[PDB]
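This report refers to the structure that appears directly beneath it.
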Amino acid sequence: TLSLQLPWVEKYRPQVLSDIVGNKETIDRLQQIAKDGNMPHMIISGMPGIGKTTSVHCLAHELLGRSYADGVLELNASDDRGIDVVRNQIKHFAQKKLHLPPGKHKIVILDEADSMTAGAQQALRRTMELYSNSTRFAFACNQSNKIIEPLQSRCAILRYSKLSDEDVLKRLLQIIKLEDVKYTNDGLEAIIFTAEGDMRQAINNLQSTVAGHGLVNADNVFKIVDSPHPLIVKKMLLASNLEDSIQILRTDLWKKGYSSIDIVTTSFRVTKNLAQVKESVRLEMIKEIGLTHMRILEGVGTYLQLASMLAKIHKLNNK
Amino acid sequence: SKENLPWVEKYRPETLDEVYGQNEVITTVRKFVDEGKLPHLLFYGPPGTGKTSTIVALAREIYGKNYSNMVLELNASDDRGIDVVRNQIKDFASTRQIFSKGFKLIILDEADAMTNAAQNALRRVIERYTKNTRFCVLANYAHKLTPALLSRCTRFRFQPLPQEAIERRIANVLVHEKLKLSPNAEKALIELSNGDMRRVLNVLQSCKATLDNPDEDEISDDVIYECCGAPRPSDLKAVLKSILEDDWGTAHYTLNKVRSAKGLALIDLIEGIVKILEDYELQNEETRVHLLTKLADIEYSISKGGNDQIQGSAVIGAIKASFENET
Amino acid sequence: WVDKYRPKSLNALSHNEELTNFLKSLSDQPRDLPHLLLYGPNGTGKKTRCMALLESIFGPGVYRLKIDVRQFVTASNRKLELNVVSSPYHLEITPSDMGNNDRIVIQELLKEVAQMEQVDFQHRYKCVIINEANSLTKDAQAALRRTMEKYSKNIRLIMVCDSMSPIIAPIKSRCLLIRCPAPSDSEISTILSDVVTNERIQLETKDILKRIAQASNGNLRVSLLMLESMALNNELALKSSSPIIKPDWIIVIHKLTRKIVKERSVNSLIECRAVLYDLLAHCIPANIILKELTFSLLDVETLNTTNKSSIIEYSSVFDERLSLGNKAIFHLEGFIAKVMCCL
Amino acid sequence: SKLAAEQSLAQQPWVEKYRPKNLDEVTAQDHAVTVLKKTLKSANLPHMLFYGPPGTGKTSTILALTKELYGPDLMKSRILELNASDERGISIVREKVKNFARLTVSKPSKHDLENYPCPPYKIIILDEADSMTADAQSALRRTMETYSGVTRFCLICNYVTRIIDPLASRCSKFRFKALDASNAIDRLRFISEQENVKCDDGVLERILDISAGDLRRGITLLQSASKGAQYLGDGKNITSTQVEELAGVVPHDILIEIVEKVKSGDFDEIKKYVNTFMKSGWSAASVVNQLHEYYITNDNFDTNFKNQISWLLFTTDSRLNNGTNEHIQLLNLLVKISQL
Amino acid sequence: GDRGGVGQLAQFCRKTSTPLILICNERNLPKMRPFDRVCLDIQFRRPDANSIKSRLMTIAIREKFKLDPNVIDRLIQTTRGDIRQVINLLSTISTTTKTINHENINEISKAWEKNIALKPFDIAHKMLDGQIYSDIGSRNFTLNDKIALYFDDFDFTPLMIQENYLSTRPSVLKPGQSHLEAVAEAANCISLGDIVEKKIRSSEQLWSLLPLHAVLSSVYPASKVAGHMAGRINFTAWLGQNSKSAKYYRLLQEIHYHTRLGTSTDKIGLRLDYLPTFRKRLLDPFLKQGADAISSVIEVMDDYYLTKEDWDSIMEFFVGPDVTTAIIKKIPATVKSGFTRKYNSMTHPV
DNA sequence: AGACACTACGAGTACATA
DNA sequence: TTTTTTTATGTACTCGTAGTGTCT
Ligand SMILES: Nc1ncnc2c1ncn2[C@@H]1O[C@H](COP(=O)(O)OP(=O)(O)OP(O)(O)=S)[C@@H](O)[C@H]1O
Ligand SMILES: Nc1ncnc2c1ncn2[C@@H]1O[C@H](COP(=O)(O)OP(=O)(O)OP(O)(O)=S)[C@@H](O)[C@H]1O
Ligand SMILES: Nc1ncnc2c1ncn2[C@@H]1O[C@H](COP(=O)(O)OP(=O)(O)OP(O)(O)=S)[C@@H](O)[C@H]1O
Ligand SMILES: Nc1ncnc2c1ncn2[C@@H]1O[C@H](COP(=O)(O)OP(=O)(O)O)[C@@H](O)[C@H]1O
Ligand SMILES: [Mg+2]
Ligand SMILES: [Mg+2]
Ligand SMILES: [Mg+2]
């Protein structure tokens with residue numbers, strides 16, 4: 001063991017906008033924008049692992065050509081992005097002179113824009129407004145609500161959605177063809193099922209299964225990757241009998257090493273995002289789940305507390 | 001010398017072959033490191049399952065005896081903020097190794113106590129520096145980690161140690177130490193562990209110290225139960241039978257004499273009665289609802305103190321009122 | 001006045017002779033004395049008995065005390081300034097004058113006085129009187145748990161409280177427990193006779209004094225103050241039918257109870273919330289408000305046993321809620337709404 | 001030096017005067033001190049977690065163990081006692097505790113190795129670990145897991161649930177049992193004999209009966225009864241009534257009056273008697289305990305009534321354990337148990 | 001804050017010889033409070049649809065882009081009065097789709113919806129809206145949206161709910177349940193959310209319970225009493241009452257620390273017991289004995305180390321049938337003048 | 001030798017927290 | 001249609017007395 005290889009998420013990271021299997025509308029929009037030029041300020045939002053950072057990187061690359069190194073200013077959440085940085089470095093880059101083609105502009109990529117402080121976000125307003133003819137801003141975040149409305153008013157809003165099973169399946173088939181990996185339909189279906197619209201997680205699980213077992217089969221996938229956590233919790237809460245929910249909680253969750261805090265948090269989230277039952281029933285279930293969580297946080301987290309929570313939920317469902 | 005360390009620390013695995021229980025994870029990790037394709041790891045599991053030992057033995061297999069120098073190991077004991085990330089982790093990832101050639105390893109042990117800003121700053125460090133360094137995040141609760149950081153690592157769930165693995169480790173210890181163990185005593189030891197090797201090792205050391213002999217005798221179930229102060233199944237079932245069948249005064253006297261002759265705790269008796277009544281096939285689930293609710297309430301009240309006699313009488317009355325509906 | 005006539009020694013007490021003899025027993029050997037916790041009804045005379053016991057443990061100079069100012073710094077730039085009542089033989093601390101920052105004051109001041117040795121030119125230890133130990137949060141009590149045992153040769157605690165419910169079990173175990181039962185109406189009337197004989201009050205009938213006792217519920221602090229108050233309305237000459245002067249908050253609570261029992265609606269609930277706000281804004285605790293409102297609602301003869309049982313049940317429930325909460329009005333309005341729904 | 005300490009002990013309260021100095025003075029907690037004595041000859045002391053009711057002797061046990069291990073000389077240099085009267089946030093745990101654990105063990109003198117085992121590790125005890133925040137507790141994990149070669153951790157608490165699961169897994173759990181009459185009558189009789197406490201036959205066993213598994217409270221009550229008997233100077237023996245009158249126990253006749261008021265009577269007279277009873281200061285916890293004992297031990301009530309009385313007493317005790325008003329809770333309990 | 005350029009500009013707005021124009025997006029802010037009465041305030045409101053429609057037609061015919069006037073109204077109402085966002089939307093969508101009349105406007109509006117946080121008063125209106133909790137409205141404004149509503153401002157939403165939850169007309173009353181029962185259940189859930197909030201903002205920093213406090217304090221009491229707004233949405237008065245009670249507690253603490261030398265009682269034990277007699281000792285001799293009862297009051301206040309400010313603060317604690325705000329005005333001004341004159345003349349031992 | 005630009009460690013002030 | 005709330009560690013900004021290398 002002297003050197004390692006690049007992971008398939010980084011090795012097969014798309015370098016052109018055509019290789020992105022995400023939202024076709026926004027991808028074609030960015031393709032036409034990069035082909036014609038005049039890229040405006042944009043804010044790309046969505047969920048992790050759907051192709052937001054790669055999208056803006058490919059856009060900037062194909063738009064700037066060889067001038068990417070001197071025309072693109074990349075700032076992540078790992079670097080200081082306070083009011084002082086926006087005042088000095090971002091302003092110096094926006095005021096910096098650079099002879100570009102008559103259809104391009106300097107791009108300022110700000111990854112994880114939902115983490116910038118309010119002062120920096122406020123100072124960026126006039127910084128992006130006074131130099132909007134030679135400097136363009138592209139924000140990439142997960143929550144558009146964390147960015148102030150004045151900043152959102154000066155840019156386009158691109159909301160990336162979850163990747164359907166078709167797109168992730170197509171990308172996985174392309175990766176398999178480029179890697180020559182023996183697979184099976186049930187294995188790919190299990191990978192898509194455990195990915196939950198997360199392309200990066202899907203590729204990571206695929207690489208793990210390949211390097212751990214060689215053959216991509218549903219058996220090996222379920223052996224190396226457990227079933228999704230929220231779905232088992234939903235099946236436990238939606239049980240019709242108390243015995244079935246108790247058996248599910250015992251075998252699937254408690255006997256597999258899931259902590260009580262994770263169980264109660266997943267139960268709260270599932271009941272909040274549930275739609276099968278009425279609003280009042282969901283409110284009573286959330287009330288009971290919170291009453292249980294208040295005991296779980298105090299160090300009384302055991303199997304008896306979760307059993308009592310399930311019993312109270314079933315008593316509520318017992319009309 | 002190692003002969004002064006406690007049994008939990010003395011018997012810490014130094015190679016990947018001494019980590020029992022996890023076979024699907026250990027084999028896949030060995031294949032990862034053999035073929036070279038080692039992704040970012042996320043070891044999620046309960047305490048005492050062998051995550052820290054696994055990653056330490058892995059770093060030892062990767063770098064040799066030079067593990068303590070070619071690996072950046074951060075934990076909750078060390079200050080882990082956003083500035084700590086920005087300086088230490090980025091400077092460790094960006095530069096090269098001082099002693100040999102190869103990728104670097106950042107072991108963020110117990111990273112479930114990190115700040116949200118620290119994880120938001122680290123999620124782009126993991127994605128930017130990924131050709132010369134690696135990240136291994138150890139966690140007991142997967143809810144304290146942001147989904148962005150949670151999606152960048154390959155998740156390995158450390159299941160609780162099964163019967164065979166704990167029995168194998170117990171046999172290894174009984175070979176390493178001049179100690180003998182009874183079969184039923186071994187089964188009772190497996191029962192009070194819940195897949196925790198730390199508890200098994202600690203109580204094994206305690207029962208070896210309890211023997212009071214030059215270790216020419218065997219460790220029976222009585223020694224174990226008197227060491228961990230846990231109630232015996234015999235007294236457990238006797239108390240349950242006296243509660244279910246005998247009168248109120250008789251059940252009260254039985255519970256009092258059982259909990260005062262051996263010095264047992266009410267919480268242990270409650271847990272044992274809950275475990276026993278789980279196999280009881282009963283009528284309409286209303287009795288189970290009442291039993292679970294009242295027992296959990298009594299447990300939560302015990303977790304804050306109070307009158308032990310009042311709580312014992314409450315347990316008796318709750319069990320009786322719950323089984324009064326199963327008729 | 002209640003201050004002009006107050007006992008200064010153990011031989012000057014006029015009620016609970018058994019408690020006086022027990023205090024003499026406990027003060028016979030003063031150096032072999034453990035920590036003490038005086039508990040009982042509010043206004044029995046435990047704060048006077050503690051000072052009388054200190055007057056037997058030390059010289060008469062225990063009452064010549066002075067108020068000094070001490071400052072503390074929290075984890076931030078915030079500063080706390082509190083007044084300590086100190087004496088050449090003891091000191092008095094009342095952590096009920098601040099919020100959750102009582103633990104810092106407790107630990108720092110107690111460690112300071114423990115490491116500090118007494119001075120001369122006036123026995124061996126310096127007593128600390130913790131007034132109203134019920135306001136001490138669980139953190140400060142836990143901090144004092146080990147301070148009580150680590151320094152037992154220089155610091156002896158005499159904690160005065162009204163109910164051992166909020167006191168943790170370790171602190172209860174770490175000190176003797178002394179109960180101070182409220183004096184009977186006979187002893188209260190006897191003290192009232194003496195104080196009106198000294199203050200030159202004109203009484204046509206003596207039984208009125210007994211009525212004052214029956215209006216104080218064993219409280220001497222309320223009894224004497226009410227006697228002096230009704231002596232000012234009757235111009236130093238109490239009549240045979242002199243009215244009983246009740247505090248303003250008691251009359252407000254009675255009017256609130258009347259409004260509850262007469263009308264039960266949301267429009268009345270708004271007025272109830274307004275009255276509760278006016279009561280809370282004028283330095284009246286919410287636990288006392290709830291207790292008095294419940295006791296006044298139970299006295300209403302228009303209700304039956306079924307109503308009173310539910311009333312006291314909701315009262316206990318919301319008392320637990322208020323003891324677990326901080327926004328007192330959020331629980332008081334809920335209790336009032338539940339009572340309205342019950343009736 | 002030594003004589004000054006002897007005189008100071010002789011002029012201290014009986015709780016601190018008779019504090020166990022060796023691992024032999026502890027009477028009832030034998031299972032833990034047996035392991036503590038057997039590990040004294042060896043050198044593999046593990047991380048320990050003492051938990052149990054208050055007044056069972058956890059702090060005394062760890063102090064006696066540290067003494068028997070290190071001697072009165074190394075006792076002040078190889079120990080780190082952190083109580084609840086100090087700051088124990090994340091900052092303290094990260095700086096001070098970790099710096100002390102990373103320190104090397106102090107070199108023993110020539111006189112130390114001759115009489116004491118002098119193990120190659122030091123002990124960092126944390127008394128009253130219930131007040132430690134969960135983050136400061138999780139910070140101790142690797143601190144105690146990596147520096148185990150040079151330091152040993154001893155957590156002490158009353159509620160084991162207040163400590164996080166990883167810390168409870170890293171430390172070996174020692175549960176201290178309640179000190180009832182059977183396992184503490186020897187210690188109580190020894191304390192009474194050493195102080196010439198002239199008592200009757202069934203006094204000491206009664207004292208611990210009021211203690212409910214608490215030897216500190218029993219010793220304090222014994223000292224109070226001894227002071228009350230020496231002040232009188234009558235030369236007689238202390239009786240169970242003289243002990244129960246100062247222990248906060250309600251007399252039997254007052255309890256029979258309460259039972260008669262609950263059995264026969266409506267809301268009004270019950271409320272009036274409760275208001276009169278609250279004038280005489282009694283702790284509602286003791287009243288609830290005595291009512292529970294009377295109702296459960298009496299062979300005159302139905303099982304259906306006994307289940308309900310047990311649940312009601314449990315609810316009342318749980319509500320009283322939060323600092324509620326004693327009068328309201330007692331009245332509610334008596335009214336609820338009056339309605340069948 | 002106290003230090004910053006905001007106050008400097010506020011003071012500059014008072015002394016200047018050159019016009020000073022100020023532009024801001026949020027006016028009703030605490031930091032913007034010094035600008036309340038110093039500069040002429042002008043409010044730019046939601047623009048009309050006609051001018052924006054004409055401008056859009058112009059920039060559309062100029063940019064070779066097809067657009068009907070029937071879509072501009074929807075574009076504006078989804079944009080919520082921002083011509084800049086409308087222009088950016090047109091420039092962004094025109095590059096691929098050159099015509100948007102009635103077909104692709106649904107996805108355009110669903111993708112460009114303005115996710116703006118509501119003011120602490122609009123959250124009270126939306127929370128107490130009975131249509132949202134109906135069977136049809138529940139599957140449109142889901143529970144996740146209701147919790148995000150609270151999370152928009154989690155410092156005022158529970159207080160705003162508790163303030164005006166009993167001032168509405170409920171339309172979700174279950175068959176057999178009156179308004180009082182729903183109000184009592186809402187108040188019980190308010191108390192439970194109070195306990196949860198106390199557990200959150202206390203030691204151990206249990207902030208992970210914030211979503212639960214969302215339901216118990218805001219969502220459930222609103223759902224129990226959702227309906228029409230009877231009157232107006234009243235601002236939470238708990239803050240002012242808390243400030244007043246804190247000030248009164250400070251004053252009572254000063255009074256107790258002044259008279260501790262004589263009372264030897266607690267703060268509450270003095271407020272409940274001593275003040276009903278201190279009032280009749282100090283103030284009552286003024287109503288019956290004219291101006292010759294001054295020496296008695298001075299001696300009484302000296303015997304417990306009272307002050308003039310303490311005397312004025314004592315008379316403010318009494319409520320109900322005993323209010324001195326008119327009794328002090330009934331006192332002849334000569335008596336008060338003589339009292340305050342004798343106060344600054346005789347020496348007082350602290 | 002000394003004055004004063006450059007500077008980096010420290011006390012104070014707020015601001016969030018799913 | 002509008003004002004406030006105890007505390008606990010992490011984060012960011014600011015002034016700022018201070019310690020030392022340098023130039024008129
Ligand atoms: N549409 C896609 N087509 C192909 N690969 C993709 C796609 N989306 C994601 N990936 C893979 O996922 C990796 C990481 O994607 P990212 O763009 O970083 O995720 P993200 O959408 O930016 O969400 P974040 O960064 O967690 S907020 C890429 O390097 C690709 O390997
Ligand atoms: N699979 C295992 N095989 C052998 N010994 C084990 C195993 N798991 C745990 N142990 C023992 O338990 C000790 C502690 O293991 P750790 O890996 O530190 O526990 P953990 O999985 O990291 O859980 P934490 O540290 O509480 S989050 C080791 O030193 C071993 O002695
Ligand atoms: N087992 C015991 N044997 C003899 N005396 C004991 C025993 N347990 C307690 N005591 C007495 O009680 C006193 C208090 O002992 P501690 O060890 O402080 O009690 P504790 O277990 O620490 O209770 P806490 O501190 O409230 S958790 C000792 O000084 C002894 O006098
Ligand atoms: N034995 C007694 N004889 C006469 N008056 C007493 C006696 N005990 C207490 N008092 C009166 O009680 C008043 C003080 O009450 P206090 O002790 O503050 O109430 P609490 O017991 O709530 O602390 C004094 O003014 C004093 O006159
Ligand atoms: Mg991204
Ligand atoms: Mg670990
Ligand atoms: Mg202790």
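The way I read the labels, and the way they are meant: chains A, B, ... in the order of the structure tokens, residue 1 as the first residue of every chain, and ligand 1 as the first ligand shown, with later ones counted on from there.
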Quick check: residues of chain C within 12 Å of chain B, only C-alpha atoms, returned as a VMD selection string. chain C and resid 165 168 to 170
Rows by chain and residue number, chain F within 12 Å of chain B, shortest pair, only C-alpha atoms (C1' of nucleotides), as JSON lines:
```
{"residue": "F:16", "atom": "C1'", "partner": "B:117", "partner_atom": "CA", "distance": 11.2}
{"residue": "F:17", "atom": "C1'", "partner": "B:116", "partner_atom": "CA", "distance": 9.5}
{"residue": "F:18", "atom": "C1'", "partner": "B:144", "partner_atom": "CA", "distance": 11.2}
```
Could you save those same residues with C-alpha atoms (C1' of nucleotides) as a short mmCIF file (atom, residue, chain, number, x, y, z; two decimals), in the first residue's frame?
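What follows is the written file result.cif:
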```cif
data_model
loop_
_atom_site.label_atom_id
_atom_site.label_comp_id
_atom_site.auth_asym_id
_atom_site.auth_seq_id
_atom_site.Cartn_x
_atom_site.Cartn_y
_atom_site.Cartn_z
"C1'" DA F 16 -27.24 32.43 15.95
"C1'" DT F 17 -28.61 27.63 17.36
"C1'" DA F 18 -33.46 23.17 13.71
#
```
Could you jot down the atom CA of residue C:280 to atom CA of residue E:242 separation for me, Å, one decimal place? 8.7 Å
Interface rows for chain G against chain E: nearest pair, Å to one decimal, 9 Å, only C-alpha atoms (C1' of nucleotides), as a tab-separated table:
```
residue	atom	partner	partner_atom	distance
G:1	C1'	E:233	CA	6.5
G:2	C1'	E:235	CA	6.2
G:3	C1'	E:239	CA	6.6
G:4	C1'	E:239	CA	4.7
G:5	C1'	E:239	CA	7.4
G:6	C1'	E:202	CA	7.9
G:7	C1'	E:202	CA	5.8
G:8	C1'	E:205	CA	6.4
```
Any chance you can output those residues with N, CA, C and O atoms (P, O5', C5', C4', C3', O3' and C1' of nucleotides) as a compact mmCIF listing (two decimals), in the first residue's frame?
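So out.txt came out as:
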```txt
# COMPACT_ATOMS: atom_id res chain seq x y z
P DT G 1 -51.30 50.86 11.24
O5' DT G 1 -51.53 50.18 12.67
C5' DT G 1 -51.84 48.79 12.76
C4' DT G 1 -51.14 48.16 13.95
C3' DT G 1 -49.63 48.35 13.97
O3' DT G 1 -49.16 48.29 15.31
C1' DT G 1 -50.14 46.07 13.53
P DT G 2 -48.21 49.45 15.88
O5' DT G 2 -47.10 48.67 16.72
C5' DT G 2 -47.48 47.83 17.80
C4' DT G 2 -46.28 47.09 18.36
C3' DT G 2 -45.07 47.96 18.66
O3' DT G 2 -44.50 47.59 19.91
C1' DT G 2 -44.46 46.22 17.18
P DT G 3 -44.84 48.43 21.23
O5' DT G 3 -43.84 47.84 22.33
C5' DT G 3 -42.44 47.94 22.14
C4' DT G 3 -41.75 46.66 22.56
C3' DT G 3 -40.41 46.86 23.28
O3' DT G 3 -40.51 46.41 24.63
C1' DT G 3 -40.31 45.11 21.64
P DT G 4 -39.95 47.34 25.82
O5' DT G 4 -38.94 46.38 26.61
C5' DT G 4 -38.00 45.59 25.90
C4' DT G 4 -38.37 44.12 25.97
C3' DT G 4 -37.22 43.19 26.31
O3' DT G 4 -37.04 43.14 27.72
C1' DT G 4 -38.50 42.30 24.51
P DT G 5 -35.57 42.93 28.33
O5' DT G 5 -35.42 41.34 28.45
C5' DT G 5 -36.18 40.63 29.41
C4' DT G 5 -36.08 39.13 29.18
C3' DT G 5 -34.70 38.62 28.82
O3' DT G 5 -33.95 38.38 30.00
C1' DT G 5 -36.43 37.52 27.55
P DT G 6 -32.35 38.48 29.98
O5' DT G 6 -31.93 38.08 31.47
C5' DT G 6 -32.81 37.30 32.27
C4' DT G 6 -32.13 36.03 32.76
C3' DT G 6 -30.74 35.78 32.16
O3' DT G 6 -29.75 35.72 33.18
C1' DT G 6 -32.07 33.82 32.16
P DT G 7 -28.19 35.73 32.78
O5' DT G 7 -27.90 34.25 32.23
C5' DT G 7 -27.96 33.12 33.11
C4' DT G 7 -27.93 31.81 32.34
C3' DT G 7 -26.56 31.41 31.77
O3' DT G 7 -26.26 30.06 32.11
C1' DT G 7 -28.21 31.27 30.09
P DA G 8 -24.74 29.53 32.09
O5' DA G 8 -24.58 28.86 30.65
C5' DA G 8 -24.55 27.44 30.52
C4' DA G 8 -23.90 27.03 29.21
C3' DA G 8 -22.53 27.64 28.94
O3' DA G 8 -21.66 26.68 28.34
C1' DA G 8 -24.00 28.20 27.18
```
Distance-based interface of chain A with chain G, 9 Å, counting only C-alpha atoms (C1' of nucleotides), as a short mmCIF file (atom, residue, chain, number, x, y, z; two decimals) with N, CA, C and O atoms, in the first residue's frame:
```cif
data_model
loop_
_atom_site.label_atom_id
_atom_site.label_comp_id
_atom_site.auth_asym_id
_atom_site.auth_seq_id
_atom_site.Cartn_x
_atom_site.Cartn_y
_atom_site.Cartn_z
N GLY A 82 -15.85 36.38 5.45
CA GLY A 82 -16.47 37.39 6.27
C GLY A 82 -16.64 38.71 5.54
O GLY A 82 -16.53 38.79 4.31
N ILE A 83 -16.94 39.75 6.31
CA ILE A 83 -17.13 41.08 5.72
C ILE A 83 -15.81 41.63 5.21
O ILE A 83 -15.76 42.35 4.21
N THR A 117 -21.91 35.12 6.45
CA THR A 117 -22.53 35.96 7.46
C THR A 117 -23.42 37.02 6.81
O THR A 117 -23.33 37.29 5.61
#
```
Using only C-alpha atoms (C1' of nucleotides) and a cut-off of 12 Å, which residues of chain A sit close to chain F? Please list them as a PyMOL selection string. chain A and resi 115+117-119+265+269
Using only N, CA, C and O atoms, please write the residues we just selected to a file, as an mmCIF file, in the first residue's frame.
```
data_model
loop_
_atom_site.group_PDB
_atom_site.id
_atom_site.type_symbol
_atom_site.label_atom_id
_atom_site.label_comp_id
_atom_site.auth_asym_id
_atom_site.auth_seq_id
_atom_site.Cartn_x
_atom_site.Cartn_y
_atom_site.Cartn_z
ATOM 1 N N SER A 115 -23.809 29.805 4.094
ATOM 2 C CA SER A 115 -23.034 29.899 5.321
ATOM 3 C C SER A 115 -22.388 31.262 5.525
ATOM 4 O O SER A 115 -21.824 31.503 6.598
ATOM 5 N N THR A 117 -21.911 35.119 6.452
ATOM 6 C CA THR A 117 -22.533 35.959 7.464
ATOM 7 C C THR A 117 -23.418 37.019 6.813
ATOM 8 O O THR A 117 -23.330 37.294 5.615
ATOM 9 N N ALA A 118 -24.287 37.617 7.632
ATOM 10 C CA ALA A 118 -25.194 38.642 7.125
ATOM 11 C C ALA A 118 -24.441 39.885 6.670
ATOM 12 O O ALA A 118 -24.831 40.518 5.682
ATOM 13 N N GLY A 119 -23.366 40.249 7.372
ATOM 14 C CA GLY A 119 -22.603 41.424 6.980
ATOM 15 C C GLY A 119 -21.964 41.271 5.612
ATOM 16 O O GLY A 119 -22.003 42.189 4.789
ATOM 17 N N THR A 265 -35.541 10.901 16.459
ATOM 18 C CA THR A 265 -35.439 11.998 15.501
ATOM 19 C C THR A 265 -36.028 11.604 14.153
ATOM 20 O O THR A 265 -36.746 12.393 13.523
ATOM 21 N N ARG A 269 -39.240 13.287 12.273
ATOM 22 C CA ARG A 269 -39.170 13.778 10.900
ATOM 23 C C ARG A 269 -40.186 13.089 9.996
ATOM 24 O O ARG A 269 -40.824 13.752 9.168
#
```
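Residues of protein, DNA or RNA lying at most 9 Å from ligand 7, when only C-alpha atoms (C1' of nucleotides) and all ligand atoms are considered, are residues 145, 146, 149 and 170 of chain C; 54, 55, 56, 57, 58, 59, 60, 127, 128, 156, 157 and 158 of chain D.
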What does the list of residues within 9 Å of ligand 2 look like if you count only C-alpha atoms (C1' of nucleotides) and all ligand atoms, written as a VMD selection string? (chain B and resid 7 to 14 17 to 22 43 to 56 109 to 110 138 to 140 158 160 to 161 165 to 166 169 195 to 201) or (chain D and resid 141 to 142 145 165 to 167 169 to 170)
